[PDB]
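Colleague:
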Amino acid sequence: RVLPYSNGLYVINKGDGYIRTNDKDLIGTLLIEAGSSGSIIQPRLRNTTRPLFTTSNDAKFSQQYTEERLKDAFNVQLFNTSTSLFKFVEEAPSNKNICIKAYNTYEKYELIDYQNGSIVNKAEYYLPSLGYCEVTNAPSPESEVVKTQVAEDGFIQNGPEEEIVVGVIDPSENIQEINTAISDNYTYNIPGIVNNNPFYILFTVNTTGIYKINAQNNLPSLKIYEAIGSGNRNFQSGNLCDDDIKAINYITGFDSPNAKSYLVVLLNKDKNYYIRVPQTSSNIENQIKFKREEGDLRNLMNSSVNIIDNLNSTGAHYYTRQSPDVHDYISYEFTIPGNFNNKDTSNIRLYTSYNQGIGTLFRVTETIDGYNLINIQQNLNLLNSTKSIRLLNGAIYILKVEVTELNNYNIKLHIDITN
Amino acid sequence: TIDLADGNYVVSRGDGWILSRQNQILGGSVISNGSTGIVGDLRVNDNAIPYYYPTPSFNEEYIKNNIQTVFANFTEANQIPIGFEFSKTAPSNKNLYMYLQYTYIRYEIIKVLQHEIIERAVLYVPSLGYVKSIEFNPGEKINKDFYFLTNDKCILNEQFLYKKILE
Amino acid sequence: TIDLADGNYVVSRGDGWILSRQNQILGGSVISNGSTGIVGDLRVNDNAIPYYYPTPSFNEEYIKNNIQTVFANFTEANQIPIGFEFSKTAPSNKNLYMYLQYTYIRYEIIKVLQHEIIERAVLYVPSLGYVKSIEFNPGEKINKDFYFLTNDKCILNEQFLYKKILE
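Next comes the structure, spelled out in structure tokens:
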């Protein structure tokens, strides 16, 4: 019910075999005398077909657009014309008559702007499908007639239960591309033309591995997305190929404005990824550094590492962020208030108010090569945790949280410091 | 005398209606000795024609509009052709005759006053068809009822699906 | 890393390829209780479209020309329509869902250097189709794998038929 989804555009396939109430969609019933057989055919003598479409916003979610999003999601070719045809046939037993009736159907697509906890826009696109037919015993024509009131306009699904979601590139967010595959390091400059708006960076990597990706000063906060089904098809060694895929799958990253973060993700050579830099706002020049991490930081794999620079000497602190889904990770790099005596300590309890998680605590040492995570505490159970630890003043630590039970869209982490 | 509030109602009786005198218009095929016959049809804009029986107060337009708002919109739908066919195999001793008849949906729209129906207009819009088989030796007299539908009827069970026409 | 002489090769993988995300585009029919469903298709110049994934050095033309010289010439062939259809009958207890998906031939053309493949362009030209049946009670949860092909594949066995591109 929580339905975490890193906000943006999603088109769902809510299923096949939909029909409208009151037989608005019945082709017709025909009745088969025992020992004959009878079919009902859609031959496609004429191609044209009618889809049905309804939207919260015409201005944003226009039929043309919500059609294009199906192209983006499933590469749907035709919307009101099928050359694909269907018929239903039935033989009646020799004892009793049978009678077969046939309804036209629809696949039901949903298009959604899911910004930040709620669907802020929704279209429903009913794509003309290939039939539904009922076979029943011939009814006795003398059977009495019940004065029966018609039903509210709407829909019945006769196809099997289905709901499959597909993220799509927001056509209003531009795409920029890195032609060269990223190797071990790479620094990318946000071009002029993006004009501090949101946009996407398409790229690939050469040899598959774990990468830290941040922006300048770990700000803004980024998301990364795998492109579905990438990297079968065309490839040129060293570079990327377009593949032709705007259907995307969220790997990790926050939607929050002005939270400081860096991503640590696994990346596979036979896939293409989009990054989504948000509105820049700032007029200074920014950059996206891709570094391949061969060190201890792989421990944070497929996490977004959240940054807490700002602890008060003592007191309660909290940090609310979009919660990851069960068995995914959010991480937290925090440095503890006070100068580094190497004997001084501050007492640190790490709670979480709403969802359960397995917390993993590390001390961070940094060398010219990269971070080094020394292992402090494992298996920590966060949800309203009584527990505390003495950590070293001025030292730097990282908490890696695996979500175990997901009870709320946001994960609120507390750092309550005592002395 | 039907239990409804004074006013105009739109009504669907069944699919599966067939019309007085109209059996055999389309022709029929005769097949013999365990061969198989398959008659069927299509639907340009002949089958497509709906038959209107209007009243004062319920003109053609009124009827059309009012049932297309509630039910199967036909003018739209019967532009795309749809087919149907039947496949009857004969016994081996004797031979048989099968003929095609068009089925219709029966829409009607009704003025009710005093839990009584004072007025009714009717529309038959064509659905698919129906074939009737019969085995015969030559000379064998056949029931006139077989070739002649004397009064409109539904070959399926009727129904009475209704909506009040609004103000 | 494939054992061939440096150079460009033209390659046929199978007939029987099907593409990521494209199951269900065409629709699907649901049929119940031992009636029979028959879905099928044709081929004007929609089905007819081939999908090109070119590379620098292997432009659309290059690809087209080079595989039509060796293999099935398609631009010529997919002007004459060809049909295909499938006929699934349902069990009698429960009802079933079947949907149509277009199959393709996978041609690709490859630069080899050092017994290694440095570059590959790909063409999917449409062959015929394929339908997937599944039986269901309503509420019965279905495997997402059934409705969603997540990565291109061949539903038949692959192959690797090749010719060197000449100088």
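Protein chains in written order, with the working numbering: chain A, 82 to 500; chain B, -18 to 148; chain C, -18 to 148.
Just so you know, even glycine gets a beta-carbon here, dropped at the ideal spot from N, CA and C.
Considering only residues of the stretch 22 to 101 of chain B, which uninterrupted beta strand (DSSP E) runs meet the minimum length of 3 residues and lie entirely inside it, listed in chain order?
Modeller: Correct list: 32 to 34, 64 to 70 and 76 to 93.
Colleague: Just list the residues that DSSP pairs residue 413 (chain A) with in beta bridges.
Modeller: Residue mapping note: residue 413 (chain A) aligns to position 332 of the first sequence, counting from 1. Its beta-bridge partners are A:387 and A:480.
Colleague: Does the beta carbon of residue 409 (chain A) sit closer than 8 Å to a beta carbon anywhere in chain B?
Modeller: In the first sequence, the residue the question calls residue 409 (chain A) occupies position 328. Chain B contact via Cβ: absent.
Colleague: Indicate whether at least one CB of chain C lies closer than 8 Å to the CB of residue 239 (chain A).
Modeller: Numbered from its first residue, the first sequence carries residue 239 (chain A) at position 158. Taking Cβ atoms only, chain C reaches closer than 8 Å to residue 239 (chain A), which makes this a yes.
Colleague: Can you have a look at residue 467 (chain A) and say buried or exposed, based on whether 16 or more other CB atoms are within 10 angstroms of its CB?
Modeller: As a working note, residue 467 (chain A) is residue 386 in the first sequence. By the 10 Å Cβ count, residue 467 (chain A) comes out exposed.
Colleague: So, at 7 Å on beta carbons, what are the nonlocal neighbours of residue 13 (chain B) in its own chain, with the 5 sequence-adjacent residues on each side left out?
Modeller: As a first step, residue 13 (chain B) must be located in the second sequence, where it is residue number 32. 71 and 76, listed in sequence order.
Colleague: Which chain A residues sit within Cβ distance under 8 Å of residue 62 (chain B)?
Modeller: Counting from 1 along the second sequence, the entry for residue 62 (chain B) is found at position 81. Going along chain A in sequence order, the residues near residue 62 (chain B) (Cβ under 8 Å) are 124, 126 and 127.
Colleague: Have a look at C:44, C:49, C:80 and C:68 and flag the residue whose alpha-carbon is nearest the alpha-carbon of residue 127 (chain C).
Modeller: Your numbering for residue 127 (chain C) matches position 146 in the third sequence. Considering only alpha carbons, the answer is C:80.
Colleague: If contacts are defined as beta-carbon pairs under 8 Å, then residue 489 (chain A) and residue 464 (chain A) qualify, I think. What distance do you get, rounded to the angstrom?
Modeller: Counting from 1 along the first sequence, the entry for residue 489 (chain A) is found at position 408. Counting from 1 along the first sequence, the entry for residue 464 (chain A) is found at position 383. The pair is not a contact, with the Cβ atoms about 11 Å apart (cut-off 8 Å).
Colleague: Would the stretch 184 to 192 of chain A count as touching the stretch 202 to 217 of chain A if we require 3 or more Cβ pairs under 8 Å?
Modeller: Yes: at least three Cβ pairs fall under 8 Å.
Colleague: For residue 213 (chain A), which beta-bridge partners are listed by DSSP?
Modeller: Residue mapping note: residue 213 (chain A) aligns to position 132 of the first sequence, counting from 1. Residue 213 (chain A) is bridged to A:184 and C:11.
Colleague: Got a sec? Which residues, its chain only, sit under 8 Å from residue 420 (chain A) by beta carbon, not counting five neighbours each side?
Modeller: In the first sequence, residue 420 (chain A) corresponds to position 339, counting from 1. Cβ within range, chain order: 474 and 475.
Colleague: Work out the CA separation of residue -10 (chain C) and residue 148 (chain C) for me, nearest whole Å.
Modeller: Counting from one through the third sequence, the residue named residue 148 (chain C) turns up at place 167. Counting from one through the third sequence, the residue named residue -10 (chain C) turns up at place 9. For residue 148 (chain C) and residue -10 (chain C), the distance between alpha carbons rounds to 12 Å.
Colleague: Whole angstroms are fine: how far does the CA of residue 57 (chain C) sit from the CA of residue 26 (chain C)?
Modeller: As a first step, residue 26 (chain C) is located in the third sequence; it is residue number 45 there, counting from the start. As a first step, residue 57 (chain C) is located in the third sequence; it is residue number 76 there, counting from the start. The alpha-carbon atoms of residue 26 (chain C) and residue 57 (chain C) are separated by roughly 12 Å.
Colleague: Rounded to whole angstroms, what is the Cα-Cα separation between residue 441 (chain A) and residue 481 (chain A)?
Modeller: In the first sequence, counting from the first residue as 1, residue 441 (chain A) sits at position 360. In the first sequence, counting from the first residue as 1, residue 481 (chain A) sits at position 400. Taking the straight line joining both Cα atoms gives about 5 Å.
Colleague: For residue 111 (chain B), count the other beta carbons within 10 Å of its own beta carbon; 16 or more makes it buried, fewer makes it exposed. Which is it?
Modeller: As a first step, residue 111 (chain B) is located in the second sequence; it is residue number 130 there, counting from the start. Buried.
Colleague: Taking only the alpha-carbon atoms, compute the straight-line gap between residue 137 (chain B) and residue 6 (chain C) and give it to the nearest angstrom.
Modeller: Working through the second sequence from its first residue, we reach residue 137 (chain B) at position 156. Working through the third sequence from its first residue, we reach residue 6 (chain C) at position 25. Roughly 36 Å between the two C-alpha positions.
Colleague: Applying a beta-carbon distance threshold of less than 8 Å, which residues of chain A neighbour residue 22 (chain C)?
Modeller: In the third sequence, counting from the first residue as 1, residue 22 (chain C) sits at position 41. 164, 165 and 166, listed in chain order.
Colleague: To the nearest angstrom, how far is it from the Cα of residue 69 (chain C) to the Cα of residue 122 (chain C)?
Modeller: Residue 69 (chain C) sits at position 88 when you count from the first residue of the third sequence. Residue 122 (chain C) sits at position 141 when you count from the first residue of the third sequence. So the two alpha carbons sit approximately 22 Å from each other.
Colleague: With distances taken Cα to Cα, identify the nearest neighbour of residue 247 (chain A) among C:28, C:87, C:42 and C:1.
Modeller: Numbered from 1 along the first sequence, position 166 holds the residue referred to as residue 247 (chain A). Of the listed residues, the one whose Cα sits closest to residue 247 (chain A) is C:1.
Colleague: Have a look at C:66, C:114, C:131 and C:104 and flag the residue whose alpha-carbon is nearest the alpha-carbon of residue 30 (chain C).
Modeller: On the third sequence, residue 30 (chain C) is found 49 positions in, with the first residue counted as 1. Among C:66, C:114, C:131 and C:104, the Cα nearest to that of residue 30 (chain C) belongs to C:104.
Colleague: Over the uninterrupted alpha helix (DSSP H) stretch that includes residue 151 (chain A), give me the two end residues.
Modeller: Along the first sequence, read from residue 1 onward, the residue named residue 151 (chain A) stands at position 70. Per DSSP, residue 151 (chain A) belongs to the alpha helix (DSSP H) from 144 to 155.
Colleague: Could you say which of B:-18, B:130 and B:84 lies nearest to residue -6 (chain B) if we only look at CA atoms?
Modeller: What you label residue -6 (chain B) is simply residue 13 of the second sequence in a count that begins at 1. When only C-alpha atoms are compared, the closest one is B:84.
Colleague: Taking 7 Å as the cut-off, is the beta-carbon of residue 17 (chain C) closer than that to any non-hydrogen atom of the ligand MG?
Modeller: Within the structure as shown, the ligand MG is missing, as the structure has no ligands at all.
Colleague: Closest to residue 35 (chain C) by CA distance: which of A:325, A:305, A:450 and A:111 is it?
Modeller: Mapped onto the third sequence, residue 35 (chain C) falls at position 54. Here the closest residue by C-alpha is A:325.
Colleague: What do you reckon, are the CB atoms on residue 270 (chain A) and residue 368 (chain A) nearer than 8 Å?
Modeller: What you label residue 270 (chain A) is simply residue 189 of the first sequence in a count that begins at 1. What you label residue 368 (chain A) is simply residue 287 of the first sequence in a count that begins at 1. Yes, these two residues count as a Cβ contact at 8 Å.
Colleague: What is the residue span of the beta strand (DSSP E) that residue 497 (chain A) lies within?
Modeller: In the first sequence, residue 497 (chain A) corresponds to position 416, counting from 1. Counting along the chain, the beta strand (DSSP E) containing residue 497 (chain A) begins and ends at 491 to 499.
Colleague: Give, in chain order, every residue of the stretch 96 to 121 of chain A whose Cβ lies closer than 8 Å to some Cβ of chain B.
Modeller: From the stretch 96 to 121 of chain A, only 103, 104, 105, 106, 107, 108, 109, 110, 111, 112, 113, 114, 116, 117, 118, 119, 120 and 121 have a Cβ closer than 8 Å to chain B.
Colleague: Please look up how many angstroms separate the CB atoms of residue 439 (chain A) and residue 461 (chain A), rounded, as I've assumed it's under 8 Å.
Modeller: For the purposes of this step, residue 439 (chain A) is taken as residue 358 along the first sequence, with counting starting at 1. For the purposes of this step, residue 461 (chain A) is taken as residue 380 along the first sequence, with counting starting at 1. Contact holds; Cβ gap of about 7 Å.
Colleague: I'd like the list of long-range same chain contacts for residue 216 (chain A), defined as Cβ closer than 7 Å, with 5 residues on each side in sequence excluded.
Modeller: Position 135 of the first sequence, counted from the first residue, corresponds to residue 216 (chain A). Within the same chain, residue 216 (chain A) has close Cβ partners 171, 179 and 181.
Colleague: With DSSP run on the structure shown, which of helix, strand or coil describes residue 370 (chain A)?
Modeller: The residue you call residue 370 (chain A) lines up with position 289 of the first sequence. Reduced to three states, the DSSP call for residue 370 (chain A) is strand.
Colleague: For residue 222 (chain A), return the contacting residues in chain B, with the cut-off set at a CB-CB distance below 7 Å.
Modeller: Taking the first residue of the first sequence as 1, we reach residue 222 (chain A) at position 141. Residues of chain B passing the Cβ test: 135, 136, 137 and 138.
Colleague: With 16 other CB atoms within 10 Å as the buried threshold, where does residue 141 (chain C) fall?
Modeller: The sequence position of residue 141 (chain C) within the third sequence is 160, counting from 1. With fewer than 16 Cβ atoms within 10 Å of its Cβ, residue 141 (chain C) is classed as exposed.
Colleague: What residues of chain B sit near residue 229 (chain A), judged by a beta carbon separation below 8 Å?
Modeller: Sequence index remark: in the first sequence, residue 229 (chain A) carries index 148 (1-based). Those within 8 Å of residue 229 (chain A) in chain B are 140, 141, 142 and 143.
Colleague: Under 8 Å between beta-carbons, which chain A residues line up against residue 35 (chain C)? List them in chain order, please.
Modeller: Here residue 35 (chain C) is taken as the residue at index 54 of the third sequence, counted from 1. The answer, in chain order, is 315.
Colleague: From the DSSP output, read off the bridge partner residues of residue 194 (chain A).
Modeller: Numbered from 1 along the first sequence, position 113 holds the residue referred to as residue 194 (chain A). BP columns for residue 194 (chain A) point to A:90 and A:202.
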